[PDB]
C-alpha cells in the first residue's frame, strides 16, 4: 500500500496568493476580501541587519507597494501591523475568497504548505509542527508569505505564514493573527531552536502504519502501560500519550495494542541496529493518527 506524506488539495488557497513587493523585497501575500496579509519584513530597507519596525512603518508610502495577482494590480489604501505580519487594505475584493477561519496549530499537528516563489503558487507538501514551533520544510529566498492551511470537517483554516530559517535549517512562521510560533523574533539575529520533543501519538500512528504494511520485527510480547510510558517520556524528550482511545480502530485492524507499540518506541529509541521501518533508519513523528487512518482505509 505504502506510506507517503501527503498534502490536502490546494484548490481553495491557490487563488488567494499575491505577489507583494517593496523596494528590493519581493514575497507572497494572502488576499481575503479587501485585506492582504504578508510578512512585515517586506517594508524593511535592509533585512540582514537588525530592523526598527516603528521607524519602517513611519516612513512607509502606500504608493510604493506592488500587490498583484496574475495581470491584476491591487492598489494599497491602508497599512497597519498585526504582530509580525503586515495587514494591507487593498482597493479590490478577492472574487475567489473562500469560507475560512484562522486557527493556531499546536506541537504535533500536521498541515499543508503552498510554497510560492514571489507570487506564484509552486508546490504543495504536508508538514508537522515540532515541539519548539518550527517545521522541517523546503523554503528559500522568495518563499516568505507562503501559506499553511488545514481542512477539518469541511472547514478551511489558514494556520501559518512563512518568515525565517534558523541557523540549524529549521523554518519559523506566524499564525495569521501575527504571533511567531515558538516566540522567535522577526530579526536576522542568531536564534537557537532548543531540544526537540518527539510526538509519542505520531510515532505510534507511524508504527501502526508499519504493521498494516507488514513490517512486524519491532513488536515483541512486552506491553508497557500508559502510566509506565508517560513517566519514561518525561526524561527521553517524548510527549505524554494523549489517550489509548485515539488508536481504537488501528488496534482492532492489526491486533496490536498501543501498550505493545509504546514499548516498541523505547526499544527502538535505543537503536534499529541497521534495520528500517518503511525505509526509515530512525523513528518518525511526521504522521498524526488521522493521516494514517485516512491513508490506510480511506476514512
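Positions refer to the first chain, counted from 1.
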* Averaging the C-alpha B factors as listed in the entry, name the stretch that ends up higher: 241-249 or 34-42. => 241-249
* Structure fact -> Per the PDB entry, mean CA B-factor is higher for 188-196 or 102-110, namely for 188-196
* Structure fact -> Max C-alpha B-factor within the set 10, 279, 25, 290 falls on 279
* To do: Using the B-factor values recorded in the entry, state whether the Cα atom of residue 227 falls in the lowest, middle or highest third among the modelled residues of its chain.
  => highest
* Structure fact -> residue 217: CA temperature factor from the record, placed by chain third, in the highest
* Is the Cα B-factor recorded for residue 299 in the lowest, middle or highest third of its chain? -> highest
* To do: Quick one: classify residue 154 as lowest, middle or highest third of the chain based on its Cα B-factor.
  => highest
* **Chain-relative CA temperature factor third for residue 75** => highest
